[PDB]
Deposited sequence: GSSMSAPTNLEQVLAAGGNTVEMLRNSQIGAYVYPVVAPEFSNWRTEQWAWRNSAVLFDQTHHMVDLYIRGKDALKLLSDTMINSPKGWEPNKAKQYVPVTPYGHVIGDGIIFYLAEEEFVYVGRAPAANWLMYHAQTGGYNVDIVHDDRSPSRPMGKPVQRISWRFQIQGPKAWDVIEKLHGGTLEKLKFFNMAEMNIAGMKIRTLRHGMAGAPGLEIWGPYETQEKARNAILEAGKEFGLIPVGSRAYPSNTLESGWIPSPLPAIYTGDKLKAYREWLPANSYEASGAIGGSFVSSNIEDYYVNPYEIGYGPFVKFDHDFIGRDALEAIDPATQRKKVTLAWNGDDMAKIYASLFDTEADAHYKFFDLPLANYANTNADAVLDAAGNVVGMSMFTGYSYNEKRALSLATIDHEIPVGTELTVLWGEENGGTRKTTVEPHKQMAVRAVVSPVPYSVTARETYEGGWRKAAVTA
C-alpha cells in the first residue's frame, strides 16, 4: 500500500536530492494576508522610514506546550541554555539532530510556569511533537498549523493573531496606543501594553518595536486601533508580497533544510513523520547540486547560531557540537548582488531572439522552493558557500541574498552566485525553462550594510 511515513517515501523514491529538487509542491506561500495594501515598494520603504504593521497571523506554525515536563522537553532538545530562563522571556529555540545539524528554529515564549508556545516553520514543531509523544514526557500539546496556502474562499481560523509594529516611528505609535510611556525592555523580554482597553502581551523584537499577540477574536479590534493611532505617524500595513523580504535586511535565514533524511539515530523519527509532512512533500531549489542530501545540511555555527550553543545542560547533539571547531566553520553573510548582472537577468525576458532567458527573479522575493540552495563560487570556480534566501530591497536598491560561506573570505570580496538551475531547470512547477547565470556578489555584513568591493 501507499506510504504513511517519510521513511517509506524515501525507501521508494530513489535518490533523495533528486526527489526533493523535482517536487511538484509549488511555491512556498505566505498565505491569507493581502499580497499588497498599497504597493510593496512603499511598504518596504515604510519600515525603514516611518512605521509598519506586520501581520504574522497566518504563515507560521504555533505549538502550545503545557505540563510538568514542558521545560524539560525544551531543555533536552535545544542548543540554548535553559539556565535562568523564567516566564516572560522568549528564546530563539534551535534544535539539532544527534549528528549536530540544524532541524529548524523558531521563537519559544515562556508564557507562564509549565506553559510555552513555539512559533515558526513546521520542522522544529514536528521535532517537538515527536519527542513529546514518544519520549515519555508529561506534557500536553496543541498544534495550530499555518493557514492553507490557497484557501479558495473558504474560512480561515487561528488560535491567536500576531502582529509586529516596527520602524523608526514605531515607539511613538506604541506609546500613543498605550496611553503612557512604555519602557523599552531588553531584547526578547516579554511584557504588556494597553490597546483600546485590552491587556496585550508584548515581545521586544526591536529602532525598537514590538511583537504583540492575542486571542483570534480580537484581531479586527486590535488591528483597527493600531491603524487609526498610527495614521499620524504614517504607519501603513504591509502585505504578504513585501512581508518576507524583510529578513534579507535583518539577516535571519528562514529555510535551512531539516537535516533528518539520513542517519540510523533519525530512523524512528523518519518513521513517525507522515508521508505528507513538510519534510516529505517539500522542494529544494537552486543551482547547488550534490547527490548526497547531507551536503545540504547546516550546523548551528554556519547560520549564525554559534553564540547560542551552551554546554551547560544535556541536549540532543551536544557531543557532535562539542567536536566542532567554531573558528573554522562557515559563516553567515549577506551577498550584495551586482546591479548590472540583475539588469541582464531581467533584460533577457524581453529578448525575442534568444534561445533561452535567465531564471525569472521575482520581486521583492525571488525564492522558488521552500529550501533554497544556490552555489557560491570564488574566482577560481571553487564552491565556497551556499546562498539560501534571495530577493530585493527597495531601501537599498539592491538584490540581496543570505548565504553561508567559507570563514576565511573577507568582507568586500566579490564572489559569484550561480543563479538558475541546470539543464533547462528542474521539474518544479515554479521553474520556467531557463539558462544559468553567474551573478557577481559582494560579501557584506549581516544585518546588511553597504560594503566597498576592492
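- Stretches of the deposited sequence lacking C-alpha coordinates, numbered from 1: 1-4, 211-213, 462-474.
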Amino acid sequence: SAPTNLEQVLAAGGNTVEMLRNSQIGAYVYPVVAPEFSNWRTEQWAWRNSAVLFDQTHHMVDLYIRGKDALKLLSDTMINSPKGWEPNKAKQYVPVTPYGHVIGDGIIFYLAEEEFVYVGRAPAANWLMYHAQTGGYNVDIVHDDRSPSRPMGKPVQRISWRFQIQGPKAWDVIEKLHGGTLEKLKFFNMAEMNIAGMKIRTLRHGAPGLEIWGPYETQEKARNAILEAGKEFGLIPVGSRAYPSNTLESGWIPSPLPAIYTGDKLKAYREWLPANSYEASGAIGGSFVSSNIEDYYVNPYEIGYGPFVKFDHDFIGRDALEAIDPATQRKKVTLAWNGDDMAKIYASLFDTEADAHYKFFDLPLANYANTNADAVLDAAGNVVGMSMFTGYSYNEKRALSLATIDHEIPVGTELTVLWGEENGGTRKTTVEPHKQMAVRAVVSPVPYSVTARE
From here on, numbers count along this sequence of modelled residues.
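- Between 366-374 and 139-147, the higher mean Cα B-factor belongs to 139-147.
- On average the C-alpha atoms of 181-189 have higher B-factors than those of the other stretch, with 242-250 and 181-189 being the two compared.
- The top Cα temperature factor in the record, among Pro95, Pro87, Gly120, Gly286, falls on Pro87.
- For the set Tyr394, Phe54, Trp47, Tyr64, the PDB entry puts the maximum C-alpha B factor at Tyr64.
- In the deposited entry, the Cα temperature factor of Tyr110 sits in the top third of values across the chain's modelled residues.
- Looking at the C-alpha B-factors along this chain, the one for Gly206 belongs to the highest third.
- Placement of the Cα temperature factor of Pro237 within the chain: lowest third of the modelled residues, per the deposited record.
- Among the modelled residues of its chain, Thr218 has a C-alpha B-factor that falls in the highest third according to the deposited record.
- In this PDB entry, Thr262 carries a Cα temperature factor that places it within the highest third of its chain's modelled residues.
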